[PDB]
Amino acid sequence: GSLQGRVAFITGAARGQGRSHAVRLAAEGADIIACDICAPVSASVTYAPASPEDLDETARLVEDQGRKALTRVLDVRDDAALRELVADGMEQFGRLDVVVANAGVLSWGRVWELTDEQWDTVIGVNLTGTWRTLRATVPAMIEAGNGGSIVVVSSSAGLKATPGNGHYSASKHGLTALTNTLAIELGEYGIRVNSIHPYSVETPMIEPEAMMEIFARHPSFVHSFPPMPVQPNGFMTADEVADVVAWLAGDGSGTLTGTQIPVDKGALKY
């Protein structure tokens, strides 16, 4: 496979896109270090939470590919827990080639109506939590000496801010900037850093209830959420997003660092 004998570290791997990346990267030959908070993060995040069962199942799916999975329940806002998982992973697998910084949360409210808890939770998990993930993994990837590839999961909202979630758009634009700063800073080490910007991926993060409420109260907001030109009905799958991550993780994308890749089937073109 394109990743035979390599090792990837993936956050938010309990379900959804994170699980898809873990399984796909395993299918490509990588052993997997995977973590997820496996719990509701906040009263302000109103869709269904991931469970520890979900993470165990990612691990079974990785093992089904003939690979090894080290999994752990942790919060990416918990620096000590991240350091320890990285250390345990390096002891078990001995190298670190791919990082997928994927854990995130979403909530909704107009900028001046957002609460402290809404703000702090989204900025804290999405932006600070990603930074902590990067700070914990980068030294191990440098020390391993094999170069590497880091994929930061931003959002289409990380390139074009959307109404009703300025805190989420801010967190995700912040991720675009981290990706690009880190691409410059890690160039000399042979480590590439790129970001993906998905749209309309069918996971529990998309709460149809929340969207209907937003468009009910502010009908003009619909103009920020158009159909996808090459798939004008319904949603893309988490596995489809994993096609992009697999390619970025491997040598086929050796010419890309600092790129913002929209995974949106054309929606950002409208």
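Start at 1 with the first residue shown and count on from there.
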- Query: Got a sec? Mean C-alpha B-factor, which is higher, 50 to 58 or 31 to 39?
  - Reply: 50 to 58
- May I ask you to compare 212 to 220 and 41 to 49 by their mean CA B factor in the entry and name the higher one? 212 to 220
- Which is it among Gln92, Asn194, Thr181, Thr128: the one with the largest CA B-factor in the entry? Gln92
- Among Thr71, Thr115, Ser171, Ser156, single out the one with the highest C-alpha B factor in the record, please. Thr71
- Task: Would you mind checking where the Cα B-factor of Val244 ranks among the modelled residues of its chain, as the lowest, middle or highest third?
- Result: lowest
- Message: Lowest, middle or highest third: which one holds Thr133 when the chain's residues are ordered by CA B-factor from the entry?
- Response: lowest
- Query: Should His167 be placed in the lowest, middle or highest third of its chain by the C-alpha B factor in the entry?
  - Reply: lowest
- Message: For the chain shown, is the CA B-factor of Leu175 in the lowest, middle or highest third of its modelled residues?
- Response: lowest
- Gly124: C-alpha B-factor third of its chain, per the entry, is the lowest
